[PDB]
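The block underneath contains the structure these notes are about, expressed in structure tokens.
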Amino acid sequence: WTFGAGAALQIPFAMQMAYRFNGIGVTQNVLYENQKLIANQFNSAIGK
Amino acid sequence: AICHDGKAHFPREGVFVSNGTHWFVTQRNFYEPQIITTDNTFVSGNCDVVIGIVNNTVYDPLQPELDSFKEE
Ligand SMILES: *[C@@H]1O[C@H](CO)[C@@H](O[C@@H]2O[C@H](CO)[C@@H](O[C@@H]3O[C@H](CO)[C@@H](O)[C@H](O[C@H]4O[C@H](CO)[C@@H](O)[C@H](O)[C@@H]4O[C@@H]4O[C@H](CO)[C@@H](O)[C@H](O)[C@H]4NC(C)=O)[C@@H]3O)[C@H](O)[C@H]2NC(C)=O)[C@H](O)[C@H]1NC(C)=O
Ligand SMILES: *[C@@H]1O[C@H](CO)[C@@H](O[C@@H]2O[C@H](CO)[C@@H](O[C@@H]3O[C@H](CO)[C@@H](O)[C@H](O)[C@@H]3O)[C@H](O)[C@H]2NC(C)=O)[C@H](O)[C@H]1NC(C)=O
Ligand SMILES: *[C@@H]1O[C@H](CO)[C@@H](O[C@@H]2O[C@H](CO)[C@@H](O)[C@H](O)[C@H]2NC(C)=O)[C@H](O)[C@H]1NC(C)=O
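Laid out in structure tokens, this is it:
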């Protein structure tokens, strides 16, 4: 979201998703330990 | 993340960055480095699951007190 507030700042996507999870009130280790499952679920969702 | 003794340490709030030789933990919206110690990170799990984990050490604030405590 930094590009909506000012200059564009790069950031790895996994870290961005960790930020979002922290946003909704969930620790990061959940994401960093289930990355593969989350990715597969997202891909299947877009396919559907 | 970061691996010290088989346990992955994550930042309480902020990100890990390296200038080229050392790693630091800094707040996200402003650059001010801080030495990484047990008061910035919390342990969770082990080192065999995370992707892209790194292999730097972590300081412990209580160690110097023990040395002085042993001294006297
Ligand atoms: C961060 O720095 C530390 C320094 O100690 C490294 O510690 C490592 O801790 C591991 C134990 O959890 C050691 O082994 C690890 O787990 C498995 C069993 O060894 C294996 O997947 C890896 O070990 C192999 O790779 C290592 C990487 O260099 C080698 O050092 C190690 O000797 C192993 O090499 C061969 O592996 C096969 C299969 O096990 C064996 O059959 C061979 O006999 C091994 N060869 C020899 C000569 O023994 C994995 O590392 C690990 O030994 C130990 N040291 C290292 C360098 O890994 C962390 O790995 C390191 N982490 C990162 C990301 O850098
Ligand atoms: C990246 O961050 C590291 C922090 O570890 C920087 O390490 C730097 O190392 C030099 C050499 O020690 C330090 O300069 C001075 O050296 C004399 C030698 O006697 C010493 O007495 C001083 O106390 C001081 O250590 C320097 O302070 C230190 N910098 C920091 C922030 O700790 C490294 O230089 C940094 N590299 C880059 C490209 O930023
Ligand atoms: C992050 O990106 C770098 C490339 O900039 C990846 O590094 C190389 O990736 C190729 C695969 O296309 C491998 O063949 C090389 O062995 C990799 N080089 C090194 C030093 O790793 C890197 O794999 C990416 N990081 C992760 C966790 O995938």
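Chains as they are written, first to last, in PDB author numbering: chain A, 886 to 933; chain C, 1080 to 1151.
Idealized CB from N, CA, C, for every residue including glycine.
What does residue i reach in chain A if we use C-beta pairs closer than 8 angstroms?
| i | result |
| --- | --- |
| C:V1129 | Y917 and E918 |
What in chain C is Cβ-close to residue i, meaning under 7 angstroms?
| i | result |
| --- | --- |
| A:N914 | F1089, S1123 and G1124 |
Using the three-state DSSP reduction, which class does residue i fall into: helix, strand or coil?
| i | result |
| --- | --- |
| C:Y1138 | strand |
| C:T1117 | coil |
| C:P1143 | helix |
| C:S1097 | strand |
| C:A1087 | strand |
| C:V1104 | strand |
| A:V915 | helix |
| A:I923 | helix |
| C:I1132 | coil |
| A:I931 | helix |
Quick one: is residue i buried, meaning 16 or more other Cβ sit within 10 Å of its Cβ, or exposed?
| i | result |
| --- | --- |
| A:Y917 | buried |
| C:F1089 | buried |
| A:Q895 | exposed |
| C:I1115 | buried |
| A:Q913 | buried |
How many Å lie between residue i and residue j at the Cα?
| i | j | result |
| --- | --- | --- |
| C:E1144 | C:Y1138 | 13 angstroms |
| C:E1111 | C:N1098 | 12 angstroms |
| A:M900 | C:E1150 | 45 angstroms |
| residue 1030 of chain C | C:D1127 | With chain C running from 1080 to 1151 in the structure shown, residue 1030 of chain C is simply not present. |
| C:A1087 | A:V915 | 13 angstroms |
| A:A893 | C:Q1106 | 18 angstroms |
| C:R1091 | A:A930 | 31 angstroms |
| C:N1119 | C:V1104 | 8 angstroms |
| C:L1141 | C:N1135 | 19 angstroms |
Q. How would the residue list near ligand 2 read, in chain order, if you kept each one whose beta-carbon is closer than 6 angstroms to any heavy atom?
A. Taken from the N-terminal end onward, the list reads C:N1098, C:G1099, C:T1100 and C:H1101.
**Q.** Those residues, in chain order, that have a beta-carbon closer than 7 angstroms to some heavy atom of ligand 3
**A.** C:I1130 and C:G1131
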